[PDB]
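Structure first, then comments.
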Number of protein chains: 2
Amino acid sequence: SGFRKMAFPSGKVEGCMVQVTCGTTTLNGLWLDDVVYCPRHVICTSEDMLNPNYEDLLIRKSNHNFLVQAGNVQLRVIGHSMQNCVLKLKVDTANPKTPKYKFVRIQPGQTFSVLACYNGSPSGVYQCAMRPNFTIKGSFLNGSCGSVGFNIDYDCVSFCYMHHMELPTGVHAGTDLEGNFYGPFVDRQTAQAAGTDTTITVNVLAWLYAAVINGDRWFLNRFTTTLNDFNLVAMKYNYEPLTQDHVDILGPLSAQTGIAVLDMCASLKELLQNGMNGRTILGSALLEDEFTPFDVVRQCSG
Amino acid sequence: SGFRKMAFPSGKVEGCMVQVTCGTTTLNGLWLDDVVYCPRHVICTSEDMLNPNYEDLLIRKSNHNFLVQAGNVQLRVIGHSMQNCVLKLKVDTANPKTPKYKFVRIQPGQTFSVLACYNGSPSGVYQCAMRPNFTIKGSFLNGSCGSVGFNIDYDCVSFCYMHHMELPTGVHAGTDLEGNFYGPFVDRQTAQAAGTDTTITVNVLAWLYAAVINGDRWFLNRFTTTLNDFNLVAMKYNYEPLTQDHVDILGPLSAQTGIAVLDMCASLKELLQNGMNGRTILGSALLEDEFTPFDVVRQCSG
Ligand SMILES: *CC(=O)N(c1ccc(-n2cccc2)cc1)[C@@H](C(=O)N[C@@H](C)c1ccccc1)c1cccnc1
Ligand SMILES: *CC(=O)N(c1ccc(-n2cccc2)cc1)[C@@H](C(=O)N[C@@H](C)c1ccccc1)c1cccnc1
């Protein structure tokens, strides 16, 4: 029993984290095979943040302009390029600790562990979710950039996120490892606003399903409801629409709890309309939406 | 900006987690140097859980009775003993991945990362705190036992917790790595109850201090208060007494925020007496007490 925001073990990613440098600018990179990956904003100066021309800037730099440091050691940059918003710095040496990996672009609502890195040294791990507005509510400080998000597929590390910037909202924007931003965010110092953050509906139900399995069942109502009925109420409180996929994805938890999906929805509808009256579910005084059904299955099954 | 329940990177502990076996009973062990450590309850059968005599039982077993498995490999047990509630199984081979380590008995209110392990395979990481009743509100399933709690001291891993059992409360009891239980719990199948769980007061203030630093400052009142005044109100809602040590330990956050300790206390007093009115602090609808001042400094400083 018990339910916690749980991260993947970070061991196979610790061994891939390097320090990358330009002048007064050190950030984190990710050394996989004979390539090191970091945010291309490591080439910028404080003068050229308002509107930088990254192509032009990279022209000014050469292989030897970039100080890649592995713990106490240094790597020879035998070639650089730019893939969208990432520097791919080629190196003489292949990481001997390179785990099997993939690069996946994750979908909003999906979750991943973050290994928060300063000066190429892993500092800490936490679980995070792509919000529907394509921000993340991270915990990053100055120097955090190039810190990565990942899932672990049996023995295969999937990298889904690279940290690039904090918004004035105090939330976080980043790319996949092919260097495309999640959302409309750009890597320049201009006015950018995160759109309306909406609740992830399948995740909240996942979590109610976790709650039941943990014996917290008070919120369960004698009622049920319909998709359309439920999604009319949903929209009113900034919630994602529930779909038949969403329903199907909750089958294993439906199946384990004995509780139909649509009866859980009816419980949520009453919880949305009445709030929680100071009552808590799984130690929270509000509805949690940063666990998927998989996260719930993994933690509540094995 | 941002504040999350953050774990230490688990890399140096992954390499110490082994599978330990007896008949129908497999749990986790911890291989440091030429010693493997696990809960001594791996020697028990379902018949001898109500009141087991561990000495007597161990008499029945020998070195070769215990199947220690490292991933795909097997270790030769060249000697066993019992230290309080842990098996120290001596092995031919020293762990080549043994990080510098210490064994510390942690104090109630202090926090540590847990590496949740099934069948000697690390499954996930989360941050946890010793509650004042000396339970932990973990996330463990069947097979979790021998999973360890640790802090990372620069490069030195400190092991503070080994998981032994779940209470009917659905909360968790375990030992230090010398095999003494945190609290009055015993490793037998008898009626055991976790006493009154009290809130960790320094931690809540730590967290309010994190909140301020993140710009969440609404709860700040025009008032202040006294220790005695504050601790009279504290006791009423099952809260730890605040001491001058507690005050001193919050100096760095006092110092960073510009806010006196005793003015933060006055804010807490009004928050305790009035609740939060549906207002949230750092994304929580209730007062969080599983971060220490150190955790707050580490995450909000670097
Ligand atoms: C790496 C880093 O920690 N941050 C950061 C600094 C500089 C830049 N940059 C873009 C173009 C040239 C240089 C990106 C990121 C800071 C940070 O992002 N601050 C925000 C307000 C910001 C500044 C400048 C441009 C864009 C954004 C940081 C702070 C906290 C968490 N992550 C990053
Ligand atoms: C290792 C394990 O996961 N659990 C466990 C099983 C058996 C024993 N045991 C004590 C004396 C002989 C055998 C200890 C722990 C279960 C578990 O602890 N279940 C509880 C209810 C319990 C059963 C029997 C004795 C004592 C406690 C488990 C389940 C969930 C989380 N941790 C452990």
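Order of the sequence lines sets the chain letters (A, B, ...), proteins ahead of strands, with each chain counted from 1.
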Treating [X] as the side-chain partner and [Y] as the backbone partner, does any N or O pair qualify as donor plus acceptor under 3.5 Å?
X        : Y        : result
B:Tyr209 : B:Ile259 : yes
B:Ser284 : B:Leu286 : yes
B:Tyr126 : B:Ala116 : no
B:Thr98  : B:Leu32  : no
A:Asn28  : A:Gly120 : yes
A:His172 : A:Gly138 : yes
A:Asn65  : A:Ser62  : yes
B:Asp155 : B:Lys100 : no
A:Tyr118 : B:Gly302 : no

Salt bridge (charged side-chain N to carboxylate O under 4.0 Å, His left out) partners of residues 115-141 of chain A, not counting sequence neighbours, each pair once: A:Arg131-A:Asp197, A:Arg131-A:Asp289, A:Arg131-A:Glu290, A:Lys137-A:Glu290
Taking the side chain as every heavy atom from C-beta outward, state whether [X] and [Y] have any atom pair closer than 4.5 Å.
X        : Y        : value
A:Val202 : A:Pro293 : yes
A:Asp187 : A:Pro39  : no
A:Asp176 : A:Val104 : no
A:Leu287 : A:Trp207 : yes
A:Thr21  : A:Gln69  : no
A:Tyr54  : A:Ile43  : yes
B:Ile136 : B:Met130 : yes
A:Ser144 : A:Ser123 : no

Check against side-chain contact (heavy atoms from CB on, under 4.5 Å), B:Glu14 and B:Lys97: CA-CA 9 Å; B:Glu14 291 157 70; B:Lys97 296 189 197 161; over 6 Å; no
Counting only heavy atoms not in A:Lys102, do more than 12 sit closer than 6.0 Å to its NZ atom? no
For atom CZ of B:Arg105, is the number of surrounding heavy atoms from other residues, nucleotides or ligands below 6.0 Å larger than 12? yes
Rounded distance (nearest 0.5 Å) linking atom [atom1] of [X] with atom [atom2] of [Y]:
X        : Y        : atom1 : atom2 : answer
A:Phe140 : A:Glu166 : CZ    : CD    : 10.0 Å
B:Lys5   : A:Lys5   : NZ    : NZ    : 11.0 Å
A:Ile200 : A:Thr198 : CD1   : OG1   : 7.5 Å
A:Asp33  : A:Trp31  : CG    : CH2   : 10.5 Å
A:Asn180 : A:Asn84  : CG    : CG    : 4.0 Å
A:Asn51  : A:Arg188 : CG    : CZ    : 5.5 Å

For residues [X] and [Y], report the shortest heavy-atom separation together with the two atoms involved.
X        : Y        : value
A:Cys300 : B:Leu141 : C-CD1, 3.9 Å
A:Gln127 : A:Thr111 : NE2-OG1, 3.7 Å
B:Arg298 : B:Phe8   : NH1-CZ, 3.5 Å
A:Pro9   : B:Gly124 : CG-N, 3.9 Å
B:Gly146 : B:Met17  : O-CE, 3.8 Å
B:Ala7   : B:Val125 : CB-CG1, 3.6 Å

Would you sort out whether A:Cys22 and A:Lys61 count as a side-chain contact (heavy atoms from CB on, under 4.5 Å), showing the intermediate values? CA-CA 10 Å; A:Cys22 271; A:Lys61 307 234 145 244; 4.0 Å; yes
With side-chain contact (heavy atoms from CB on, under 4.5 Å) as the criterion, how do A:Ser147 and A:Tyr161 come out once you've worked through the C-alpha distance, each side chain's angles and the decisive distance to 0.1 Å? CA-CA 8 Å; A:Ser147 286; A:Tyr161 183 70; over 6 Å; no
Please lay out, stage by stage, how B:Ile213 and B:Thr257 fare under the test side-chain contact (heavy atoms from CB on, under 4.5 Å). CA-CA 7 Å; B:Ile213 299 162; B:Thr257 47; 3.6 Å; yes
Assess the side chains of [X] and [Y]: does a donor N or O sit below 3.5 Å from an acceptor N or O?
X        : Y        : value
B:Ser1   : B:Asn214 : yes
B:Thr292 : B:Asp295 : yes
A:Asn119 : A:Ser121 : no

Mind checking whether A:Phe150 and A:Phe159 have parallel, tilted or perpendicular rings, split at 30° and 60°? tilted
Under 6.0 Å between ring centres: does that hold for B:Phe3 and B:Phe291?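 B:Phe3 vs B:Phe291: aromatic centres under 6.0 Å.
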